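Colleague:
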Amino acid sequence: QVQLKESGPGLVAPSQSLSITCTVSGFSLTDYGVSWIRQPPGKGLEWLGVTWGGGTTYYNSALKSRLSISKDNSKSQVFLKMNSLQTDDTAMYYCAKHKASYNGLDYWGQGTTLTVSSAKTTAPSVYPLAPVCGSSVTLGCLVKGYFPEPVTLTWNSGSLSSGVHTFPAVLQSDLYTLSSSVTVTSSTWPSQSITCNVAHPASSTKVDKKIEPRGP
Amino acid sequence: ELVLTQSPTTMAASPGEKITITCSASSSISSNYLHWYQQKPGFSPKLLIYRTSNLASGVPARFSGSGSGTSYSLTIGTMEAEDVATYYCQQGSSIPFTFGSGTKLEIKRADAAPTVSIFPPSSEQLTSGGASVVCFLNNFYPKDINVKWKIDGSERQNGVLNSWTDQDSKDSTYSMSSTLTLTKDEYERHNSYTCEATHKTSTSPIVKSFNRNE
Amino acid sequence: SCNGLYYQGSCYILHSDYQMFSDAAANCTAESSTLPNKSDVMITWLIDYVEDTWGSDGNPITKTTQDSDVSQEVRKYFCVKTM
Amino acid sequence: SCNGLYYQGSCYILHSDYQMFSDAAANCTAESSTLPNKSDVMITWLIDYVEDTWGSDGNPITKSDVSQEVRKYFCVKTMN
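Protein chains in written order, with our numbering: chain R, 1 to 216; chain A, 217 to 430; chain W, 431 to 513; chain U, 514 to 593.
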């Protein structure tokens, strides 16, 4: 089974250097090309460079002076290094395997989020949203005041997915806020408990906030 | 570089109807080197069409592609709810490899009013000194919507954070979250908290409210 | 006398016309030949040519060990005959 | 002993890294070899193999400004 996994620093200060590792399995780096591609928040895809099986490496000239790619065939690792980081470099960074011909990209990593900023890492506060006072009831979770991206959020460890809306995080100054709503049949709550699970890897945060049926 | 310009930037496609998006290259490409990707919010791109017209694994037969020279296209024979996504063409013939400017496909459906829910601040937040009031405006169509906050009957504009979802792949609706942040002390100095949603489904706003002292 | 690739007693002749699997198999049979056996082509230099062409089991020859739900799958193919 | 295409005294060895023309040509030179000559290959069974790989004339072999194009290529050496 073909897999590619990016691992990066998550947050780096402007003008400092960046190093991201792509670890592959299910294929040999001697047999296929691997490209790096990035995507700023809400923007399109920008190809950065490629290294082919024999080691041939080409770059995007818009970044060539600032970017380098290397690999370790024996360890199945491809590296992306960037220097003189600017705000514009904030993006999701992907590695992707090439098909054998024509330079289509058949397998992609899940990507690593990279933010270029001088702001401090900050864990989110996770607040329950209950109707503390119809046939349906809506609950929620407010994930407030964290940096940098990303966070992950599930409801009942992923067992509750229907009627869920998880809203894209919004940055205000140096802190993000995200929220999520969940809608269930009213008769089922609070008899059956509902918990939001929030992870923020950057701060080693893992929170399970049960929505308690508190009253006025 | 070989710049790939995609049209349109955003497309609202009728359900079950044929829809085509285009990719125009600044330089001629052999058809073997032109590919298409689909990307849904929160996920990596996936290879959709290879060498102009060849469907990738797991891609429904309703997809097709065609083209030559500088002009390429992707067609969906019958627009399905799950086809809402952003699509990118890509050339692999010349360095730098380039992706198209992207086309976001949305789908049409019947108008739907937002389901509005309002939430007072949690005890966790209040006891720490903060107070956020949250309004969800869920499962509406079409996508354009405005939210107005009122404290004690008067419009409040500062301290608001809004976020919107892309179109739901199942029911083809949109949702929005609006959070009004005050301190606990400011929150306790007022009584009425109201979010009002203005949407084309009504000339009057959909309103949810609570009184702090109740 | 092999107008193609020679490996371990067999000649591999390239057919550059894209075909569905059963048509590729039929065309090799017309030439008293078979499609490549994946266990017989396990050498880098040869797979460099035969990759993504039809194997005898109905799957493409690959340098990995799917991707098996392809609509209207067409591939090039080699026809194989003992020298 | 030709791990590739043997045609009328010449061995054609496939190189599978996509390279710009000048890089491909430099590789064949280092290998004391040449890129295929488009006239030598066009009327032969080699054509389906060498099509859309670098010809010695600086263009992908068939049946514009190409200095940024990348292709696979064969290095050709006479066998004695």
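No residue lacks a Cβ here, since even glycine has one placed at the ideal position from N, Cα and C.
#1: On the criterion of 16 or more Cβ atoms from any shown chain inside 10 Å, does U/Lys585 qualify as buried, or is it exposed?
#2: At the 7 Å Cβ level, is R/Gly44 part of the contact set with chain A, yes or no?
#3: For the alpha helix (DSSP H) holding R/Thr122, just list the boundary residues, first then last.
#4: Let me know if A/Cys351 comes out buried or exposed under the rule of 16 or more other beta-carbons within 10 Å of its beta-carbon.
#5: Would you say W/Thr494 reaches chain R, if we count a Cβ-Cβ gap shorter than 7 Å as a contact?
#6: Would a C-beta distance cut-off of 7 Å place A/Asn427 and A/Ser408 closer than the cut-off?
#7: Report the neighbours of R/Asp106 on chain A: residues whose CB is nearer than 7 Å to its CB, in chain order.
#8: Measure how close the beta-carbons of U/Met533 and U/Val589 come, nearest whole angstrom, since I'm counting them as under 8 Å.
#9: Under the DSSP definition of a beta bridge, which residues are partnered with W/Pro490?
#10: To the nearest angstrom, how far is the alpha carbon of A/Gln383 from that of A/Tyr390?
#11: With a threshold of 6 Å on Cβ separation, who are the neighbours of A/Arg372 within its own chain once the five nearest residues in sequence on each side are excluded?
#12: Taking only three categories from DSSP, how would you classify R/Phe167?
#13: U/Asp561 to W/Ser446, Cα distance in whole Å?
#14: Within 10 angstroms of the Cβ of R/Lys64, are there 16 or more other Cβ atoms? Answer buried if so, exposed if not.
#15: In chain order, what residues of the same chain lie with their CB nearer than 8 Å to the CB of A/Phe315, ignoring the 5 residues before and after it?
#16: Could you tell me the distance, in whole angstroms, from the CA atom of R/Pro40 to the CA atom of A/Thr302?
#17: Taking the alpha-carbon positions, what's the A/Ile323 to W/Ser452 distance?
#18: What does A/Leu290 reach in chain W if we use C-beta pairs closer than 9 Å?
#19: So the beta strand (DSSP E) W/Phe508 belongs to, where does it begin and stop?
#20: I'd like to know whether the C-beta of U/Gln521 is nearer than 7 Å to at least one C-beta of chain A.
#21: Do we get a CB-CB distance below 7 Å when we pair R/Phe167 with the residues of chain A?
#22: Once the 5 residues before and after A/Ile235 are set aside, which same chain residues still bring their CB inside 6 Å of it?
#23: Quick one: residues in its chain with C-beta nearer than 7 Å to the C-beta of U/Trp567, no 5 flanking neighbours on either side, listed in chain order?
#24: Examine chain R for any beta-carbon lying closer than 7 Å to the beta-carbon of U/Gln581, and answer yes or no.
#25: The stretch 16-48 of chain R: which residues have C-beta closer than 7 Å to a C-beta of chain W, in chain order?
#26: If you follow the beta strand (DSSP E) that A/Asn354 is part of, which residue opens it and which one closes it?
#27: Consider the Cβ of A/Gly258: report whether some Cβ of chain W lies at a distance smaller than 7 Å.
#28: Give the interface partners of U/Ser577 over in chain A, defined as CB-CB distance under 9 Å, in chain order.
#29: Closest Cβ-Cβ distance between A/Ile311 and chain U: below 7 Å?
#30: Is there a C-beta anywhere in chain R that falls below 7 Å from the one on A/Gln341?
#31: Could you tell me the alpha carbon to alpha carbon distance between R/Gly163 and R/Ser117, rounded to whole angstroms?
#32: Nearest to A/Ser420 by CA position, among A/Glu404, A/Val363 and A/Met392, is which residue?
#33: Checking contacts by CB at 7 Å: is R/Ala100 closer than that to chain W?
#34: Determine which residues of the stretch 535-548 of chain U have a Cβ less than 8 Å from any Cβ of chain R, and write them out in chain order.
#35: Please compile the residues from chain R whose C-beta is within a distance smaller than 9 Å of the C-beta of W/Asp482.
#36: Within this structure, are the beta carbons of A/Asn378 and A/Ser394 separated by less than 7 Å?
Modeller: In short, the structure shows the following:
#1: Indexing the fourth sequence from 1 puts residue 585 of chain U at position 72. By the 10 Å Cβ count, U/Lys585 comes out buried.
#2: Counting from one through the first sequence, the residue named residue 44 of chain R turns up at place 44. With 7 Å as the cut-off, R/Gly44 counts as an interface residue toward chain A.
#3: Here residue 122 of chain R refers to the residue found at position 122 when the first sequence is read from its first residue. Run containing R/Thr122: none; DSSP gives neither H nor E here.
#4: On the second sequence, position 135 is the one that residue 351 of chain A refers to. Counting Cβ neighbours within 10 Å, A/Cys351 comes out buried, since at least 16 surround it.
#5: Taking the third sequence and counting its residues from 1, one reaches residue 494 of chain W at position 64. Yes, contact with chain R.
#6: Within the second sequence, numbered from 1, the residue matching residue 427 of chain A stands at position 211. Within the second sequence, numbered from 1, the residue matching residue 408 of chain A stands at position 192. Taking the C-beta atoms as reference points, A/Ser408 is found nearer than 7 Å to A/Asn427.
#7: Counting from 1 along the first sequence, the entry for residue 106 of chain R is found at position 106. Ordered by position in chain A, the residues that pass the 7 Å Cβ test against R/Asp106 are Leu263.
#8: Position 20 of the fourth sequence, counted from the start, is the residue given in the question as residue 533 of chain U. Position 76 of the fourth sequence, counted from the start, is the residue given in the question as residue 589 of chain U. With a Cβ gap of about 19 Å, U/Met533 and U/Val589 do not count as contacting.
#9: Position 60 of the third sequence, counted from the first residue, corresponds to residue 490 of chain W. Paired residue(s): W/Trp484.
#10: In the second sequence, residue 383 of chain A corresponds to position 167, counting from 1. In the second sequence, residue 390 of chain A corresponds to position 174, counting from 1. Going by the C-alpha atoms only, they are around 5 Å apart.
#11: For this step, residue 372 of chain A is matched to residue 156 along the second sequence. Answer for A/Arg372: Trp365, listed in chain order.
#12: On the first sequence, residue 167 of chain R is found 167 positions in, with the first residue counted as 1. It is a strand residue.
#13: Translated into the one-based positions of the fourth sequence, residue 561 of chain U becomes position 48. Translated into the one-based positions of the third sequence, residue 446 of chain W becomes position 16. Whole-angstrom Cα-Cα distance: 6 Å.
#14: Numbered from its first residue, the first sequence carries residue 64 of chain R at position 64. The residue is exposed, with fewer than 16 neighbouring Cβ atoms inside 10 Å.
#15: For the purposes of this step, residue 315 of chain A is identified with residue 99 of the second sequence, where counting begins at 1. The answer, listed in chain order, is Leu220, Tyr253, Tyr304, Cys305 and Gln306.
#16: Mapped onto the first sequence, residue 40 of chain R falls at position 40. Mapped onto the second sequence, residue 302 of chain A falls at position 86. Whole-angstrom Cα-Cα distance: 15 Å.
#17: For this step, residue 323 of chain A is matched to residue 107 along the second sequence. For this step, residue 452 of chain W is matched to residue 22 along the third sequence. Cα to Cα, A/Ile323 sits roughly 38 Å from W/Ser452.
#18: As a first step, residue 290 of chain A must be located in the second sequence, where it is residue number 74. Within chain W, no residue comes near A/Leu290; the closest Cβ sits about 15 Å away, beyond 9 Å.
#19: Here residue 508 of chain W refers to the residue found at position 78 when the third sequence is read from its first residue. Its beta strand (DSSP E) spans residues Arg505 to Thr512.
#20: Within the fourth sequence, residue 521 of chain U is the residue found at index 8, counting from 1. Answer no: the Cβ-Cβ gap between U/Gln521 and chain A never drops below 7 Å.
#21: For the purposes of this step, residue 167 of chain R is identified with residue 167 of the first sequence, where counting begins at 1. Chain A, which has a Cβ nearer than 7 Å to the Cβ of R/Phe167, makes this yes.
#22: Translated into positions along the second sequence, residue 235 of chain A becomes position 19. So the list reads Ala229, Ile292 and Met295, once near-sequence residues are dropped.
#23: The residue given as residue 567 of chain U occupies position 54 in the fourth sequence. Once the five neighbours on either side are set aside, the close Cβ partners of U/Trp567 are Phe534, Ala537, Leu548, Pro573, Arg584 and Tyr586.
#24: By one-based count along the fourth sequence, residue 581 of chain U stands at place 68. No, because no Cβ of chain R sits closer than 7 Å to the Cβ of U/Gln581.
#25: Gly26, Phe27 and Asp31
#26: Here residue 354 of chain A corresponds to residue number 138 of the second sequence, with the count starting at 1. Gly346 to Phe356 is the span of the beta strand (DSSP E), which, as asked, contains A/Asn354.
#27: Against the second sequence, residue 258 of chain A aligns to sequence position 42. False, the Cβ-Cβ gap to chain W never drops below 7 Å.
#28: In the fourth sequence, counting from the first residue as 1, residue 577 of chain U sits at position 64. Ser243 and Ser244, listed in chain order.
#29: Position 95 of the second sequence, counting from 1, holds the residue named residue 311 of chain A. Yes - at least one Cβ of chain U is within 7 Å of the one on A/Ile311.
#30: Residue numbering aside, residue 341 of chain A sits at position 125 when the second sequence is read from its first letter. Yes, A/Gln341 lies at the interface with chain R (some Cβ there is under 7 Å from its Cβ).
#31: Here the question's residue 163 of chain R lines up with position 163 in the first sequence. Here the question's residue 117 of chain R lines up with position 117 in the first sequence. Distance between the alpha carbons of R/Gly163 and R/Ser117: 35 Å.
#32: Along the second sequence, read from residue 1 onward, the residue named residue 420 of chain A stands at position 204. Nearest option by C-alpha distance: A/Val363.
#33: Sequence index remark: in the first sequence, residue 100 of chain R carries index 100 (1-based). Yes, because at least one Cβ of chain W sits closer than 7 Å to the Cβ of R/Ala100.
#34: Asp536
#35: Residue 482 of chain W sits at position 52 when you count from the first residue of the third sequence. Under the 9 Å cutoff, chain R gives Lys99, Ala100 and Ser101.
#36: The residue given as residue 378 of chain A occupies position 162 in the second sequence. The residue given as residue 394 of chain A occupies position 178 in the second sequence. In this structure, A/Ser394 lies closer than 7 Å to A/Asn378 by Cβ.
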